[PDB]
Amino acid sequence: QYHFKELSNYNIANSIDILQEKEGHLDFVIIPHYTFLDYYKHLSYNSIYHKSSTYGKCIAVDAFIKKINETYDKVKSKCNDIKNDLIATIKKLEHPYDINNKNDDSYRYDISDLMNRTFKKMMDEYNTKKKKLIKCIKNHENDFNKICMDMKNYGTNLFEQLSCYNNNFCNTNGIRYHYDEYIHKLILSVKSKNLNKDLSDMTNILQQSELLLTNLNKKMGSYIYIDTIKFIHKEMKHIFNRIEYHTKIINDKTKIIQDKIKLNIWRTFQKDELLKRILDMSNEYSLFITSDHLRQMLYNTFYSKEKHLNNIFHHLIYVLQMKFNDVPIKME
Ligand SMILES: *[C@@H]1O[C@H](CO)[C@@H](O)[C@H](O)[C@H]1NC(C)=O
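And the structure:
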């Protein structure tokens, strides 16, 4: 009858975050899955740390969690060839020609809200290649559910074995111990970070780079690197929107966990009340952990793209400096 975390009644494809921490690398996270696996991970430690006599069960729990991690990562690796095929296409869209020869002032008018015909051809491939990856993840859904259910069944079995000296006044040492050893470190790590300042700095990058794009678009327009910038800028906007979503959660859950933990330690509860509060803390930690994990990787992706974006603008420094209504080689 207890409120246990269930598998989403949502349409999977809408809850996937794509990460690109460095060049030549792409990965994905099915958000509900990560939250679900993390939820039951906390439920498992809370169940074995309740009684001072079951602390020794941690190695078995650690082994099982590591197994689930391997098994889950094995299913997601079934989409590797197809994911690698997407990476090759992104490589083409982001690097249409080499911009590394500083002793080369070459204007690529020869190639051919996008305009460039050759970029538009590479873009349609990207749309198909991306759509295929989502279909591959959607096609392996049941295999992902099977693993999620095995983690659910394990956590729930441990939780059913939780027992008190007197059901009228159950102890909360498990909640205290687990927090202190598994959660508290993460809370302090978040609290040492200025997440809102990170958002301000990203907002400025996006708005300032948009002005540089507006300038280039007016002078060049049809140039392949203009579409490349339009492509990187749009990706950076989605990335930022995701960081903003996760930051809101991180900030909320930091306050809630700190407040809720104070209401739960160094006191007793009737068994029923104890179990409901373990399920509720597990929910707060899973949501907080999922978002800090994603935020960190999305932050890395944003700056990986920004570094390239900055290199393209530096490559087009001559046109950026050029006078209003003055234009470089016009193309057709
Ligand atoms: C599960 O996730 C990753 C898999 O690479 C790993 O770094 C992490 O330590 C694993 N968690 C546990 C508790 O084994």
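With PDB author numbering applied, the sequence shown covers 146 to 257, 294 to 513.
Ideal placement from N, C-alpha and C gives every residue a C-beta, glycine not left out.
- In the DSSP assignment, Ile161 falls within the beta strand (DSSP E) that extends over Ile161 to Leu164.
- Distances taken from the Cβ of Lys211 to the heavy atoms of ligand 1 include one shorter than 6 Å.
- Look at the segment 465 to 489 and you find no whole run of alpha helix (DSSP H) that is 4 residues long or longer.
- Inclusion of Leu188 and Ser463 in the CB contact set at 7 Å is warranted, their separation being smaller than that value.
- Boundaries of the beta strand (DSSP E) harbouring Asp172: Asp172 to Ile175, taken from the DSSP string.
- Using a cutoff of 6 Å, the CB of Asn214 counts as near ligand 1, since one of the ligand's heavy atoms is closer than that.
- Sequence-distant partners of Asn297 (beyond 5 residues in either direction) whose C-beta falls short of 8 Å from its own C-beta, in its chain, are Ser403, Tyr404, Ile405, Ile407 and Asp408.
- In the DSSP assignment, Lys212 falls within the alpha helix (DSSP H) that extends over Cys203 to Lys221.
- About 7 Å separates the Cβ atoms of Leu479 and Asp162, confirming a contact at the 8 Å cut-off.
- Your pair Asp294 and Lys411 checks out as a contact, with CB atoms roughly 7 Å apart and the cut at 8 Å.
- Per the coordinates, the alpha-carbon of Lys212 lies some 10 Å from the alpha-carbon of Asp218.
- Annotation: the continuous alpha helix (DSSP H) that includes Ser381 extends over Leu376 to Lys400.
- Per the C-alpha coordinates, the member of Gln342, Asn320 and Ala158 positioned closest to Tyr194 is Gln342.
- Beta-bridge annotation (DSSP): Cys351 is paired with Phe450.
- Cβ atoms of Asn432 and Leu376 come within 8 Å of each other, at about 6 Å.
- For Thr199, there is no enclosing alpha helix (DSSP H), since its DSSP letter is neither H nor E.
- The beta carbon of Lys167 lies closer than 6 Å to those of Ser485 in the same chain, with the five residues before and after it left out.
- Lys150 sits close to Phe181, with the two beta carbons spaced by under 7 Å.
- Nearest neighbour of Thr234 by Cα position, chosen from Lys441, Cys329, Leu171 and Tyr200, turns out to be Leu171.
- Look at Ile318 here: in three-state DSSP terms it is helix.
- Look at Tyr358 here: in three-state DSSP terms it is helix.
- Within a 10 Å sphere around the beta-carbon of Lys436 sit fewer than 16 other beta-carbons, which makes this residue exposed.
- Comparing alpha-carbon positions, the option among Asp440, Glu391, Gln389 and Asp379 lying closest to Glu425 turns out to be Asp379.
- If you draw a 10 Å sphere on the C-beta of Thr482, you find 16 or more other C-beta atoms in it, and that means buried.
- Straight across, the Cα-Cα distance linking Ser197 with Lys311 is about 50 Å.
- For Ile232, the enclosing alpha helix (DSSP H) has its first and last residue at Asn225 to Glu239.
- Here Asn245 carries a coil assignment [DSSP, helix/strand/coil].
- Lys372 and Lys488 have their C-alpha atoms roughly 27 Å apart.
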